[PDB]
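>>> sequence first, structure after, both from an experimental entry:
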Amino acid sequence: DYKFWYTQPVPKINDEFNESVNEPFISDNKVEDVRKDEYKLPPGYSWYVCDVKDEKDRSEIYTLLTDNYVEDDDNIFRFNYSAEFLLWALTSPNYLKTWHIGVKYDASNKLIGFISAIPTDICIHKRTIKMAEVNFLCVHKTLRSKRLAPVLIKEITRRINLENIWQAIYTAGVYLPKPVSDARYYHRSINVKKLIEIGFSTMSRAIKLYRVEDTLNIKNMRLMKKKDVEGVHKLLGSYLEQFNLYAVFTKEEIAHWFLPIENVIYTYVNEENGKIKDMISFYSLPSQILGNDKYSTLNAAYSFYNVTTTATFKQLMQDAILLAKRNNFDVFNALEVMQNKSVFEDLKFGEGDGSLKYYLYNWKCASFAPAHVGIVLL
Ligand SMILES: CCCCCCCCCCCCCC(=O)SCCNC(=O)CCNC(=O)[C@H](O)C(C)(C)COP(=O)(O)OP(=O)(O)OC[C@H]1O[C@@H](n2cnc3c(N)ncnc32)[C@H](O)[C@@H]1OP(=O)(O)O
Ligand SMILES: CNCCCN(C)c1ncc(F)c(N2CC(C(=O)NCc3cnc4ccccn34)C2)n1
């Protein structure tokens, strides 16, 4: 039925659009028409504008997500975004504090709901649109199935619309109406012994079969530094234009999203005499291991953006796995987007247990295979 989503400007469950269609569902929107007041919450609940740069607010967001965010189908792991990651994820250039929205339970004064968006230029079927990138929607486990998620979505939609922005992009593992693209995920084992020991995935033969060659194919790769921003902007910017869906980065956005932050985002570059010719990037999202004696955290690296001009893509992604190993990661994760599907079998990737769906809000266009997706969300 999709009681809530049936009222939103999104395609229907079985919709299909011709290849020549690329337009909003609802256009000619006026800012003056947006509801000026916040939507009413149920009794005992209060809106709370979060200041992610304030330690207390950021600590409360972290605690909510650490306890109540996405778990695997068997409840063995829970995503454990670090507070520094959340700051990086939510304070991109031109971000709006009023787009970090929480809900507090009045009787305990605790954050029980959260949703967030950041502004970004999204290029969909070669048309660039100012959108909001929605992420980190979370409702406390004690309050699930209370219809709190729709009012979070409607309120952040209101605060996005008040900025004259009428489109949005978001990803989710669940099937909603209706994915513009759908990308399965794959896993490259690094610490084999640990992955079996925690239930993530011959013991001695497997340790040898999935070994990671200890030598890079691109010898010059070093951690990105701020002088590399222009080169990375040029390299990544021209690479992404070949896809049906990607973000249009400014130099400022290149600096924010790719300059290294320990345990958050790792970007390596091949800088030959000041020319950025190759880049490897992946971000750190550890998963809390629920109720395990030996291990507490699974250190997982997530493929971000990788561009190569002096080598093949298989060689580029081969170095990415080794660079993740050298940073003490247990597993290297990747979606079948961009050129990633072509390297999965030769680099011994294991197929995942599900897929990540890409969505556009208030945009009507034909869907496409994930190889035409050129954007990776956090
Ligand atoms: C122009 C700007 C527009 C901006 C807005 C753009 C859209 C943004 C959309 C959000 C982008 C999110 C991006 C991410 O962060 S994806 C991250 C998703 N977060 C989690 O899974 C964390 C763990 N789970 C939870 O915290 C809760 O289960 C959540 C909050 C996810 C569901 O809460 P709850 O379990 O208490 O449910 P309810 O009774 O309140 O509400 C029931 C309705 O909620 C719909 N639902 C369930 N899961 C999702 C989901 N992942 N995206 C969108 N909708 C979802 C569902 O179809 C149903 O609608 P309908 O079937 O009746 O129609
Ligand atoms: C990084 N965006 C987080 C939210 C969007 N989503 C659901 C998502 N985006 C990209 C992915 F690549 C991805 N997947 C990799 C697969 C995976 O690692 N599965 C085992 C596992 C370990 N820890 C957890 C915690 C929760 C669920 C599964 N877990 C699932 N999921």
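Thanks, I have it. Numbering: from 1, shown residues only. Ligands and ions are numbered 1, 2, ... in the order given.

>>> which residue ranges of the stretch 1-150 of the chain form helices?
Counting by DSSP state H, counting those that start in this stretch, one finds helices in the stretch 1-150 of the chain at the ranges 55-68, 83-90, 148-161.

>>> what's the last one packed up against?
Packing contacts for helix 148-161, counted by 3 or more C-beta pairs under 8 Å, 6 or more residues apart in numbering; DSSP states H and E, involve strand 100-105, strand 110-124, strand 127-139. Backbone N, C-alpha and C define where each C-beta goes, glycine included.

>>> within the sheet, what are the partner strands of the first one, with directions?
Okay, so that is strand 100-105. Strand 100-105 has the following sheet partners, assigned by DSSP bridges: strand 45-49 (antiparallel), strand 110-124 (antiparallel).

>>> around ligand 1, which positions in this structure sit nearby?
Among all residues of the chain, those adjacent to ligand 1 (criterion: C-beta under 6 Å from any ligand atom) are 2-5, 68-70, 132, 134-139, 144-150, 153, 156-157, 160, 166-168, 170, 172, 174, 176, 361-362.

>>> quick check: which of these are also close to ligand 2?
Restricting those to those touching ligand 2 (C-beta under 6 Å from any ligand atom) yields residue 70.

>>> list only buried entries from the residues of the chain next to ligand 1.
By neighbour count, with 16 or more other C-beta atoms under 10 Å, the residues of the chain next to ligand 1 hold 68-69, 132, 134-139, 148-149, 153, 156-157, 160, 166-168, 170, 172, 361-362 as buried.

>>> hmm, back to that, in JSON lines: the strands paired with strand 100-105, plus mean neighbour count and distance to ligand 2.
As requested, the strands paired with strand 100-105 are exported to JSON lines (neighbours: other C-beta atoms under 10 Å; distance: least, C-beta to the nearest ligand atom, whole Å):
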{"stretch": "strand 45-49", "mean neighbour count": "16", "distance to ligand 2": "23"}
{"stretch": "strand 110-124", "mean neighbour count": "21", "distance to ligand 2": "13"}
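
>>> do you know which of the ones you listed lies nearest residue 23?
Closest approach to residue 23 among these (C-beta to C-beta): strand 110-124, 10.4 Å.

>>> between that closest one and strand 127-139, how big is the angle?
Strand 110-124 runs at 160 degrees relative to strand 127-139, counting by axes from the mean of the first three to the mean of the last three C-alpha atoms, to 10 degrees.

>>> before we move on, back to that, residue 260 is nearest to which of the helices and strands packed on helix 148-161?
Taking C-beta to C-beta as the measure, the helices and strands packed on helix 148-161 were each checked against residue 260, and strand 110-124 came out nearest at 19.9 Å.

>>> could you dump the strands paired with strand 100-105 to a markdown table with distance to residue 250?
What follows is the strands paired with strand 100-105, written out as a markdown table (distance: least, C-beta to C-beta, whole Å):
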| stretch | distance to residue 250 |
| --- | --- |
| strand 45-49 | 26 |
| strand 110-124 | 8 |
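
>>> ok, and the closest non-adjacent residue to residue 75?
What sits nearest to residue 75 in space, not counting adjacent residues and going by C-beta to C-beta, 6 or more residues apart in numbering, is residue 290, at 6.5 Å.
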